[PDB]
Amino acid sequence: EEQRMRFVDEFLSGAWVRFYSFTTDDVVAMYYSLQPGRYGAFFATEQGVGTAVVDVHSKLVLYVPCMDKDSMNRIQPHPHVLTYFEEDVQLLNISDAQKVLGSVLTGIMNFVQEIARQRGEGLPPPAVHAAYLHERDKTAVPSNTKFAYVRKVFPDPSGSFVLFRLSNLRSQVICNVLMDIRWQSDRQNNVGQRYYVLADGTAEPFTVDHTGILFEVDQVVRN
């Protein structure tokens, strides 16, 4: 139908993991992009985890220094950050970001620049991609586009998937059978829309997951 296909395109439309890369660099554990033109570092802090996202067209940078509390008591929508979490979120120009991020910003810069060198040769980012990227031609997000970030990363020790939790309360399993398993949660811990998003661009709804993949993902998250 149409109501479904339009509701599906809405689900496919926001910030999702487009690609990511783990490292052997020590400062950043993971580079990623959730929105065209925006490149993030997911990194350890003395007390836990932090992240930052650089928009390469505007050179404005989201900085989330602490993601170690899951409080969803953010009353009002932040004007530039799509997040339902109470944690402090900062928007900085690139040079203020450099002062606080150091090697992390350098790392993001080298990630961006390598991607651009590859693109100049017609080659994609050297990174693990999701099974599907909405608006594949899109190279930059409109200016007023709110920033989203990665909050949690759960890689399968056996390499079969990675689970991501995002600041917009979306969850995304990227796995090795040419589909993602995606869903939207709310703040009272309910799950709304959820789909197998297939490499052919199709999306199949499910209620309970019969594939066994989520049951295995679940065990990894609890460990």
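Heads up: residue numbers just count along the shown sequence, starting at 1.
Averaged over their C-alpha atoms, the temperature factors of 85 to 93 and 135 to 143 are higher for 135 to 143. Looking at 67 to 75 and 111 to 119 together, the entry lists the larger mean B-factor for 67 to 75, computed on C-alpha atoms.
Per the deposited record, the Cα B-factor of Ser160 falls in the middle third when ranked against the other modelled residues of its chain. Among all modelled residues in its chain, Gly48 ranks in the highest third by Cα B-factor.
When the modelled residues of the chain are ordered by their C-alpha B factor, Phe206 lands in the highest third. The deposited CA B-factor of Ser21 belongs to the lowest third of values across its chain. Placement of the Cα temperature factor of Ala29 within the chain: highest third of the modelled residues, per the deposited record.
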